[PDB]
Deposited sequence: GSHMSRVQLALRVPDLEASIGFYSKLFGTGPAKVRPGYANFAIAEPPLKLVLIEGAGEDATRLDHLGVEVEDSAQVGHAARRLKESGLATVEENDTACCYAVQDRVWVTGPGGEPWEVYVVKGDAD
């Protein structure tokens, strides 16, 4: 099991939290000044809202695949390199790749 992660850079964190609470019918799991997390069961989704003052519209910050444990990150990382994609891994585990249009993807364990 895994779920997608969608991380949005939003102009108004408070308005966005209010909106996403109503859309998915549940409050954020974690709230800090500067970002909030929703863990949505249905549809399965980890939604990250990142305050991006200055910018005037919501844009994509990055995308991700949240997997159950580190071994899955490892399998993903190996498979991605095998397919010939450039990757960068982090420990404390996460692997990053970038789509041809520049959209960043991370495979990670929460």
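Discussion item. Tell me which segments of the deposited chain sequence are not represented by C-alpha atoms in this structure.
Written reply: Unmodelled stretches, in sequence order: 1-3, 96-103, 122-126.
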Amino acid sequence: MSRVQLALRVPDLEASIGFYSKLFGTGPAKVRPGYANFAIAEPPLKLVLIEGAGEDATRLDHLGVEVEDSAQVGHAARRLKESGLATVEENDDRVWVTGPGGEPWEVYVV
From here on, numbers count along this sequence of modelled residues.
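Worksheet entry | 72-80 set against 58-66, stretch whose average Cα temperature factor tops the other in the entry | Higher mean C-alpha B-factor: 72-80.
Worksheet item: Given the B-factors recorded for C-alpha atoms, which segment has the greater mean, 38-46 or 81-89?
Response: Between 81-89 and 38-46, it is 81-89.
Worksheet entry | Which of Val4, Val110, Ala7, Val107 ranks first by CA B-factor in the deposited coordinates | Of the options given, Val110 has the highest CA B-factor in the PDB entry.
Practice prompt. Comparing against every modelled residue in the chain, figure out the third that the C-alpha B-factor of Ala15 lands in (lowest, middle or highest).
Written response: Middle third, going by the recorded CA B-factors of the chain.
Worksheet entry | Among modelled residues of the same chain, the CA temperature factor third for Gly101 | It belongs to the middle third of the chain when residues are ordered by C-alpha B-factor.
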